[PDB]
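Results of the structural survey
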Amino acid sequence: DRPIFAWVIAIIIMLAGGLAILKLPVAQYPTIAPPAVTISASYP
Amino acid sequence: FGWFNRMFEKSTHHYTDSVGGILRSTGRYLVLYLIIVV
Amino acid sequence: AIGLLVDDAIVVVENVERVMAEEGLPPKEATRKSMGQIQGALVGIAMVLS
Amino acid sequence: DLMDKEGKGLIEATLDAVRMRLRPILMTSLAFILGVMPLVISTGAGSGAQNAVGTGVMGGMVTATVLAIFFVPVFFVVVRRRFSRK
Amino acid sequence: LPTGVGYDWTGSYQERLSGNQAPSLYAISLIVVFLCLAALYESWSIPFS
C-alpha cells in the first residue's frame with residue numbers, strides 16, 4: 001500500500017519492545033511451584 | 001463596521017505582501033532563527 | 001486544557017465560514033468538503049499532541 | 001494540500017495558504033491568552049499556583065503566533081526543508 | 001574521615017524532579033512527534049518544519 005505510515009507503525013515496535021527489555025525481569029524460569037509458607041520454632 | 005474592513009486590510013497588504021517580502025529573503029531570518037536559539 | 005480544546009473547536013467551524021464565502025455556500029456539502037482540508041490534520045495533530 | 005491536488009505554488013501555495021487562514025490562528029490564540037489571563041494576575045492569594053501556570057504560556061503564546069505566523073519559521077521552513085533540493 | 005565511618009542518603013530523591021528525569025521524557029517526546037508527523041504526511045521535510 002503506502003510505505004511511511006506502515007514503517008512508523010514498525011518503529012513503535014523498535015521502541016516499546018526494546019523499552020521492555022530494559023524494564024522486564026531478566027531472570028530464570030518463572031514461578032512454577034505452588035507457593036508455600038514455613039513455620040519454624042526451636043526448643044534448645 | 002470598521003472592524004471587518006480593518007482586519008481584511010492587515011491580512012491582505014500589510015501582512016501577505018510582507019510575507020512574500022520576507023519569503024524573498026531567507027538567510028537573514030535564518031541567522032535570526034539561530035540567534036533566537038542561542 | 002480549556003485552551004487546547006476550543007482551538008480544535010474553532011478550526012472546523014471557521015473553515016466552514018470561509019468555504020461559505022470563498023465560494024458562497026451555506027449548505028451541508030460545504031461542511032463536508034471542508035474536512036477534506038481540515039481533518040487531514042485533526043487525527044495527525046492528535047497523534048503529536050499525544 | 002494545494003501543492004498536491006491543486007497546483008504547485010513553489011512559494012505561491014505557502015503564501016496562498018495563509019492568505020486563507022490567518023483568521024483561526026489569531027482567533028484561537030487570542031481566545032487562549034484571554035482564558036489564561038485570570039490566572040496570570042487577577043487571582044493573587046487563593047491559589048498562587050495559578051500564577052505559575054499562566055505566566056509560562058501567556059508569555060509563550062505571544063511568541064508562538066507573533067513569530068510563527070511571521071518572521072521566523074512556519075513558511076520559511078517548508079521552503080528550505082521541502083523545496084531547496086529534493 | 002576516620003576508620004569505621006561511612007555514609008548513606010535519606011530520605012533525598014531516589015529519582016525525581018527536573019532530570020535525570022526530564023531529558024529522557026522529552027527525548028521520547030521528540031522521537032515520537034516526528035512519526036505521527038509522517039503517519040499522515042510522508043516526505044523527509046514536513047516534520048522538520
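Residues numbered from 1 in each chain as written, not as in the entry; some residues may be left out. Chains lettered and ligands numbered in written order. Part of a larger assembly, values for the part shown. Heavy atoms only, no water.

**A look at the packing of aromatic side chains**
- In this structure the tally under the stated criterion is seven aromatic pairs over all chains.
- Seen in terms of ring centroids, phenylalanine 1 of chain B and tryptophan 3 of chain B are 5.2 Å apart; in terms of plane orientation they differ by 40°. Their pairing is tilted.
- Residue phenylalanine 1 of chain B is classed as exposed on the basis of its relative accessible area of 74%.
- Consider the rings of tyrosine 29 of chain B and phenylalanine 71 of chain D, whose centres lie 5.8 Å apart with planes at 40°: the pair is tilted. Of the two residues, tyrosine 29 of chain B is situated in helix α2 (residues 27-37) and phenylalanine 71 of chain D in the loop between α3 (49-65) and α4 (76-82); the pairing between them involves two chains.
- We classify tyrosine 29 of chain B as buried; its relative accessible area is 16%.
- When its relative accessible area of 36% is taken as the criterion, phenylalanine 71 of chain D is described as partly exposed.
- Through a chain of ring-to-ring contacts, three or more aromatic side chains come together here, namely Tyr15 and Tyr29 of chain B together with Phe70, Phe71 and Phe76 of chain D.
- The ring centre of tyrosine 29 of chain B lies 6.0 Å from the NZ or CZ of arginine 28 of chain B, which sits over that ring. (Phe/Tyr/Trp six-rings, centres within 6.5 Å; stacked < 30°, edge-to-face > 60°. Buried < 20%, exposed > 50% of the residue type's maximum accessible area, 1.4 Å probe, protein only. Helix = DSSP H or I, 4+ residues; strand = E, 2+ residues; numbered from the N terminus. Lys NZ or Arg CZ within 6 Å of the ring centre and 35° of its normal.)

**Regarding the packing of helix α1 (residues 3-19) of chain C against helix α3 (residues 35-49) of chain C**
Residue and element names in this part refer to chain C.
- Look at α1 against α3: their axes get within 10 Å of each other, and the N-to-C directions meet at 165°. On the basis of their axis angle, the class for α1 and α3 is roughly antiparallel. Here α1 and α3 pass one another in a crossing that is right-handed. Contacts from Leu4, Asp8, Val11, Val12 and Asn15 of α1 reach α3 at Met35, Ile38, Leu42, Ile45 and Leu49.
- Partitioning the contact of α1 with α3 into residue classes produces eight nonpolar, one polar and one charged. (Axes fitted to C-alpha atoms, helices over the stretch in contact; angles between N-to-C directions. Parallel < 35°, antiparallel > 145°, perpendicular 65-115°, else oblique. Left-handed = near helix turned anticlockwise from the far one by under 90°. Contact = heavy atoms within 4.5 Å. Nonpolar A, V, L, I, M, F, W, Y, C, P; charged D, E, K, R; others polar.)

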